[PDB]
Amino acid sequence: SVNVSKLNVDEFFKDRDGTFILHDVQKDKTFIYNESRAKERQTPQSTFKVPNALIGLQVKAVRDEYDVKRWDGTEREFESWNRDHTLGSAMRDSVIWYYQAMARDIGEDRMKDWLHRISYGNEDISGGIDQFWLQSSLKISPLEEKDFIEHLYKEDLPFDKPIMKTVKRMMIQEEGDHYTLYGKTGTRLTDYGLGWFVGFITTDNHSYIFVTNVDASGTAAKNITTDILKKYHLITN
């Protein structure tokens, strides 16, 4: 099994400004590439869909991963956004409008209370109930994102356990024969100059929490992550 203290990911960050964090759950060891950036609080983008979904389910703003919100008919920038969505499909396709509707239903008071309860970054929602995670007031460091995802993995958060199971299932990106990859991307869609992929991977007898944060798109962040996990024989088939 991989010894994360001996990782090297230099080849995947050439000509990039990024950080990579990998935590071995069973061996309780953490590798960090670019610790300075790992400590820098940044806007979470669609990585906020993870805590947003937990809170929205917990307060019954939405019923389950299948809660349908009908598309209003307005053509938006991405084709995948221009159809009816559910909590789960809107996570998979980063459908901002769905999560904005849910955030408005959660409301400022409950959102503030929950972000304080889970100590999510600077907890700053002053940018607006349906805007604060989108290159706005809320900021969280890559290491803080790793801690949050690790708490979700271990279910050391103050949510009902079935809600945490549901949201983790909504994060499934690839279900192979020998591994399951969970994750959420985020991108700053103005310049595509801030990108995230946060999540975890399970194999037989091993699991790992990861965060990639980079001066590129969320897709680039995800591809860097999967390249690293493949290199170390965690993503196989």
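Start at 1 with the first residue shown and count on from there.
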Inset, instruction - Using only the Cα atoms and their B-factors as the entry lists them, report which of 65 to 73 and 28 to 36 averages higher. - result: 28 to 36
Inset, instruction - Using the B-factors recorded in the PDB entry, average over the C-alpha atoms of 76 to 84 and of 100 to 108, then report which stretch comes out higher. - result: 76 to 84
Inset, instruction - Between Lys146, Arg92, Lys165, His116, let me know which has the highest C-alpha B-factor in the entry? - result: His116
Inset, instruction - Ordered by C-alpha B-factor within the chain, which third holds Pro142? Give me lowest, middle or highest, please. - result: lowest
Legend entry - For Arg41, the third of its chain into which the C-alpha B factor falls: middle
Legend entry - Third of chain Cα B-factors occupied by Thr180: middle
Inset, instruction - Would you mind checking where the Cα B-factor of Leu229 ranks among the modelled residues of its chain, as the lowest, middle or highest third? - result: middle
Inset, instruction - Report the third (lowest, middle or highest) to which the CA temperature factor of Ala216 belongs, ranking only the modelled residues of the same chain. - result: middle
